[PDB]
Amino acid sequence: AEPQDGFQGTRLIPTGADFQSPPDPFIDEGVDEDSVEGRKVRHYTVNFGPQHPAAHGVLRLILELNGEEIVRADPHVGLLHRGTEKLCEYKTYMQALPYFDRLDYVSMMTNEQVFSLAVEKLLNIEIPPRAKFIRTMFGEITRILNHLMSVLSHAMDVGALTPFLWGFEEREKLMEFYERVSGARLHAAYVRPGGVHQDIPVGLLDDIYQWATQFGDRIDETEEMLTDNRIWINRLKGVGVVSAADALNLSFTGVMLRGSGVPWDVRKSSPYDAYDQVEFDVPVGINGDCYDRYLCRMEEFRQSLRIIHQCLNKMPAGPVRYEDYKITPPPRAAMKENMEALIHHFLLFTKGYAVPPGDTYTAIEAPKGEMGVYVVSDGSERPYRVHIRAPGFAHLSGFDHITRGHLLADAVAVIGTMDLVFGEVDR
Amino acid sequence: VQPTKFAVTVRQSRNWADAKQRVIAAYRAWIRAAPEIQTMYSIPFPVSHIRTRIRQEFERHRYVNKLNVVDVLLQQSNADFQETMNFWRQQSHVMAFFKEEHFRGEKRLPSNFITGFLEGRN
Amino acid sequence: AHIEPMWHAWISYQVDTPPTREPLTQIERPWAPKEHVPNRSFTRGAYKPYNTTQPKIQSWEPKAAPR
Amino acid sequence: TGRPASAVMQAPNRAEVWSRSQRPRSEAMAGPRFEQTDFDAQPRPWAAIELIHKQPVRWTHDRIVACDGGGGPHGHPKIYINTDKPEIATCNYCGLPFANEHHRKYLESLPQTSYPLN
Amino acid sequence: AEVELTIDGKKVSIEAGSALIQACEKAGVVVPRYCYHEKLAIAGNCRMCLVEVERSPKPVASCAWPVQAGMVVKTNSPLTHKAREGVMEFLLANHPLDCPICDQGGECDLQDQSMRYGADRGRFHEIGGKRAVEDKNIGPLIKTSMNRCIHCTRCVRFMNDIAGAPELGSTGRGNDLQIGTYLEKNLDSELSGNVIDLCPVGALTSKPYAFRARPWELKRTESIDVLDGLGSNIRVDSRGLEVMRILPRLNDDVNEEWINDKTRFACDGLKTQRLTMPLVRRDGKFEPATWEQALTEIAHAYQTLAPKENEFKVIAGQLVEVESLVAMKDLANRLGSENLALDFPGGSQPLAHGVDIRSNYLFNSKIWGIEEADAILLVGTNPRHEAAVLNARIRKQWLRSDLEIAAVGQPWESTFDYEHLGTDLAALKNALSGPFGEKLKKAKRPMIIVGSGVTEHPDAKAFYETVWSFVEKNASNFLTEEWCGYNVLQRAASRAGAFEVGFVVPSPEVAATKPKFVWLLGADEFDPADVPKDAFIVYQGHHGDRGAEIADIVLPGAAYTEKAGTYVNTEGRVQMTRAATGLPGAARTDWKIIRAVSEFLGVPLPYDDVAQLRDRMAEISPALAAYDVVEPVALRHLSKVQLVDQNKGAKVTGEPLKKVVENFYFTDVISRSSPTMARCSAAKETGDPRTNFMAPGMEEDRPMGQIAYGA
Amino acid sequence: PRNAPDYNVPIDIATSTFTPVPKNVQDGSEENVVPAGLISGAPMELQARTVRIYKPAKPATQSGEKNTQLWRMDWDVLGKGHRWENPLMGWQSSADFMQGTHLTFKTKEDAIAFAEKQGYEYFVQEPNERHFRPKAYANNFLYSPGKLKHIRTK
Ligand SMILES: *P(=O)(O)OCC(C)(C)[C@H](O)C(=O)NCCC(=O)NCCSC(=O)CCCCCCCCCCCCC
Ligand code: SF4
Ligand code: SF4
Ligand code: FES
Ligand SMILES: [Zn+2]
């Protein structure tokens, strides 16, 4: 009878240390004196951060060092915890969507994809084919955008500075497509429950194809500088090595999961949007190290480009927005001409749409790993509880287990191979 | 203390003899540490003022007769001890525990009826 | 901020027709500004906000009756 | 404050307030913040109320007239105005004047009218 | 009896003779409606309640379909679904696209039930256009945007049946049918503002609350009306520190979904002439002062006078809560004074009814007792002006039953037929023994309502023993186990509470002593003879009115919208107001002003938290601890000793019973400060139907407009 | 001592010039109730202010009753600190940290249990319900043997 039976402490909660079991004695794999062996060694602590690159903006990781090697790594996060999950309870569902742009701020339209897919699942609606392809095309444009940040900032930390500038022109060109569909270079707010906010402009699919014709040459020259370079190879081989069993036990997803030899992509295993309609491959590494995770990320550049070209050729016609004004806003022209449309316009922008009661956990294959949201609905127009599962939050939690015994110059390489934007980690 | 210097695995008091043993060991560590807290955080108070103020924070929960309530009050103490003994709390958090470094000071509720009436509820 | 607004769209590749052939600039608007005012911060002409509404509660204007 | 005319006159076109809860610029731009200040640089838009009443009446032979604001989908929601009272009927969204041709004789005989009427 | 039936499978137990929509409500089933209102007659015009009934080829209107012993009702069948979409398509075909400019936006039943039972898009695109209708001038309070009318008939039913004001109608035919007086007229009814709440759509809106707020931005507080003695339950909607509007909340025991116009529009008088700082009269001019040195000059003046027993006098106004009565009662007692007067004339002398038995001064057959009244005698009361919502409840019973009403007093313009017996006391003695008396003697549940306006009549002692001696002569009909035909009707929200705590003059001796010091505690309707000119006057209140004009000190208290005061309504129900906003300026809670001046005069009243002051109120009267309930009077027969025994030798003078309400619009200080009541009086007087009568808007003689509201 | 405000309560960091003086602060000893306000980390001011537990009344403006179905717990407004006018923009400033917070509960006893668990002062308001009365369309056309005393107009 908790909490009443807990007043006197008549019951003790069975801790995991109660259910510990001795290892089997037979098949089990592997003091004080005048000598200096008994002598102890002092350690000193070091305050690492903030580094120059934008993604690792608020990292205060405190390392304990035995000489040069890392004994224990304690990241202190929360320096960009802004209370998103609470502010989302006082907003309608449409009002809460811009909060998702600002979680992983280098992968915006895939953050708002997982929130739309979660709300759409509770709405029990099927979004039209055109928005399905628009979302899968701009989800791969987003994946290229994030990898341009992640791979090139990683090599900028490792000390290669030129690939960073080349691919940020490629980034500079691919944000023109964000600003044409929406009016934002960073926070589009374009992907919304029921499809997309507005139809793509009438010359964009030609301009993406023109960009497509040359983007592989950009990967090849970026690959000219890093892949076979012995300095690059000797700074990532054997660094940050995680076993396949431990990556699962550590809650690793994405290339952190995939670089240790586990074939697993949410797009292939729980297909969403138009991913079941596109042919693409999944790079899976061997040795579980930073060099494998670099080679897996470069291969995804070429695979995302291969999806974008397929999306251009299968772009169907029709609404880009769920054809129901109780859920998605009516056209401006309808609202200014038809009675029912102005009523549905008015109520969607003041009260919002009601979501039926229930809860759903929805995950997508985000560029930094698996990104998921747990949404409790109360049947009303505001979410009762929004919880974001951020791939980097679980990755930074396993930084101590992975950097243990490494050098600090090794740990800076481990920070970049884990795709870490701290607005994602702190929500 | 495996992951951090002052870490203590979360434990559930077995009975009142155990629960009082832990409280006294918590109080002992805090008042032991008061000289170390007063130099790191440059507290412009006597170590005696720090110790008498540490005592007040235990004196608040002296009448708790629930064993489930003591463990959460003990875990809160242990966590506060860990973030103070590691230089994780800023001087601003620590010397903000002393409720006289407000520009209104310790006197922040009205003293009686009339003085709070003439000041509009303080 | 010295660029006049309709030319600002041209210089930004937001239109292809310059304001020299765009009919939208040939609308007569007597309220429209006569000269181009640039960004006027950092100067004594900087914009100063104020309340536009009246005070909410009107107080009694004391009138003592004669004795 | 006070000395410049822009600090004193509520709008360039109008001198007085046009709602009961509007603050006069004389009282809004008094105080310390408006010292060492250029009042001719201050934002002072033309008052819409004066401009709308300079609008000529649309004469019509119909009982119900339709107003969409005058720009197709660039106006306001299309509504319908009844012009059966011997007055000038005005669109609730934009303020434009409408009047039935039957009331032209009466309307032309009034001394002061809320719209130019020609 | 009870029929049983199934609606969507589930059995509901509803009385025979009720409509299906009533059983659908009881069964937990939501049925869309526009025309049907629980408190209005059934009309089957909207067609939004069409449900599928077994053994019926057509959909039936559930609102008008009586429940039968075995029927089956499907409310979610495909018959029902296409019925509701078809009606929602018709209701929106000619509806104006005026939701951004409509005041009903965000709280509209047409919008919500279009979102829930209609189609998502519309199929009306006629080049011929929509219907459009001209606006109608029906008085100052109501603004009309008639294009929005959906022809529910809710307001014509309310105005014709509840308000008894049959000037609203429905002229025309077909699509050109229109709601409004054919010839422009000012709707003359103290209940007319209820039409605005009843309207499903914004075709009837309030001119004061014209475009100021959206419903979503309003904080809602459930409080009490104190502008009358009935204690009507309301909702105070406020945006920050300004009250926006006052709406009616349901309480079938008191006001039943209805409020009068005074209690709905006087809230603009809460931001106009407020006392916000202490004032001291210096050289004939009121100077601002602080609290520490206005309470000081209270004490210094009191020490200088050194008043004797009962020389310190209090007069309690008509908006005063019970907490400050008990506190001022104490501070009065510690000063040797029992001089506890009341605002009305005759309130500084003892009252003809006592305060010893609670049943002496209460509406004993509670407000709900009218619902079964058979004969009613009204004595000294124009109930249409003194208690508007109560007056409506009398007419509702009259219109549906064989109710006989007779009145002794001044004839008034009544919404129900009544026999007029006379105007003076003899015309009561001659009536009570005349033909109408046997109606009271014969009819079960008889009801005699004695207006609080006779308490101030000089002959009240004779009036009150005349009434009760008839009641005592006619018990077992007037004084049964569950009935009491004796009822005294308060018109100010403070009187029943003052009587409950004994805040009255006890004896003629204390009444004749001249005071040197008068505390006008929110008192503004005092007779000049009850305040000696040379006395020292403290005014404690919230509005600058007559009371502050004569004060030597002015102390700003709180209005009823920013205090949680206790009030007792005329039936004896103890209700609590909820503060909707905070105190303006330097005002202070009223009971706290008393408690502080206890320190400055050296007799500090013990309690210094309001919880303690409610414990003290419990000692004076335990009923004051019971909230939202009437406590029945046990010794109801003991009332003879005050009404008849202590009223035996009465000096009858023969003066006729007087009207108490010269202006229904100008009764209190909140009302008199209200611009909206200013327009209501001026429109009443000059008979102006124009909505923009002293308001913003274009006119024939204002082509240019006007920014004055209320002038 | 019988509703006496403990003027000597030890304040905390969030205590202000708007915090009222409490009467009772959860000691952690009261029987059958968890002293959640003692271990919540909330300020002492939560234990001084009263909350109202009530069922919201249906709007007079409309006939939907969805919002009347659940009990709401909200904090009472104080005489100072709830709203004041911003001198600069005319906005409404506040010191009341509870002004926009409300709680929803399925039953009255669920709200009372939470209030006592947190040490709130609470006033419960009992719902106002209707009085059932059979309504019949047929009455609109009942026959009057005598004077009409009413001209029904649909
Ligand atoms: P004695 O037998 O009289 O008393 C012994 C005790 C107190 C155990 C009682 O017998 C008892 O049973 N009391 C109830 C149990 C109890 O005390 N529960 C709570 C214990 S934990 C606690 O009180 C934590 C207090 C706060 C800890 C931190 C204090 C210092 C923080 C700030 C320092 C200065 C700034 C850095
Ligand atoms: S009445 Fe309702 S539906 Fe009609 S315009 Fe107003 S808000 Fe819209
Ligand atoms: S004015 Fe309003 S209440 Fe009256 S009939 Fe029209 S819609 Fe119904
Ligand atoms: S609800 Fe029965 S027809 Fe309107
Ligand atoms: Zn228009």
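Protein chains in written order, with the entry's author numbering: chain C, 57 to 86, 103 to 499; chain P, 3 to 124; chain h, 68 to 134; chain M, 51 to 168; chain A, 39 to 749; chain Y, 57 to 210.
For each residue, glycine too, the CB sits at the ideal point set by N, CA and C.
Contact check, residue i vs residue j, beta carbons under 9 Å
{"i": "A:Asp-158", "j": "C:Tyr-397", "result": "yes"}
{"i": "A:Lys-300", "j": "A:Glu-228", "result": "yes"}
{"i": "Y:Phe-197", "j": "A:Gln-60", "result": "no"}
{"i": "A:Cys-101", "j": "Y:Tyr-193", "result": "yes"}
{"i": "C:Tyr-456", "j": "Y:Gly-156", "result": "no"}
{"i": "A:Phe-196", "j": "A:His-423", "result": "no"}
{"i": "A:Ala-561", "j": "A:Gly-579", "result": "yes"}
{"i": "M:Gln-92", "j": "A:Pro-741", "result": "no"}
CB contact check: residue i to chain h, cutoff 9 Å
{"i": "Y:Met-129", "result": "no"}
{"i": "M:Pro-166", "result": "no"}
Residue i versus residue j - alpha carbon distance
{"i": "C:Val-143", "j": "Y:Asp-152", "result": "48 Å"}
{"i": "C:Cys-160", "j": "A:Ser-276", "result": "25 Å"}
{"i": "M:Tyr-130", "j": "C:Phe-418", "result": "20 Å"}
{"i": "P:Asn-80", "j": "P:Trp-32", "result": "10 Å"}
{"i": "M:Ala-61", "j": "M:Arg-94", "result": "6 Å"}
{"i": "A:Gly-523", "j": "A:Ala-411", "result": "9 Å"}
{"i": "M:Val-67", "j": "M:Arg-73", "result": "8 Å"}
{"i": "A:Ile-139", "j": "A:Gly-240", "result": "10 Å"}
{"i": "A:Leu-265", "j": "A:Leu-285", "result": "14 Å"}
{"i": "A:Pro-246", "j": "h:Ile-94", "result": "39 Å"}
{"i": "C:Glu-212", "j": "C:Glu-184", "result": "14 Å"}
CB contact check: residue i to chain A, cutoff 9 Å
{"i": "M:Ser-76", "result": "no"}
{"i": "P:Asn-114", "result": "yes"}
Assigned secondary structure, residue i (DSSP; H/G/I helix, E/B strand, else coil)
{"i": "Y:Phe-179", "result": "strand"}
{"i": "h:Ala-76", "result": "helix"}
{"i": "A:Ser-452", "result": "coil"}
{"i": "A:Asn-289", "result": "coil"}
{"i": "residue 101 of chain C", "result": "There are no atomic positions for residue 101 of chain C here, as chain C continues from 86 directly to 103."}
{"i": "C:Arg-243", "result": "helix"}
Where the beta strand (DSSP E) containing residue i begins and where it ends
{"i": "C:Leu-137", "result": "132-138"}
{"i": "A:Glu-442", "result": "442-446"}
Cutoff 9 Å: residue i Cβ touching any chain P Cβ
{"i": "Y:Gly-146", "result": "no"}
{"i": "Y:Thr-75", "result": "yes"}
is_contact[residue i, chain Y] using C-beta, thresh 9 Å
{"i": "h:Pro-122", "result": "yes"}
CB contact below 9 Å: residue i versus chain C
{"i": "A:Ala-241", "result": "no"}
Residue i, enclosing alpha helix (DSSP H) - first and last residue
{"i": "C:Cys-383", "result": "362-386"}
{"i": "A:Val-635", "result": "628-638"}
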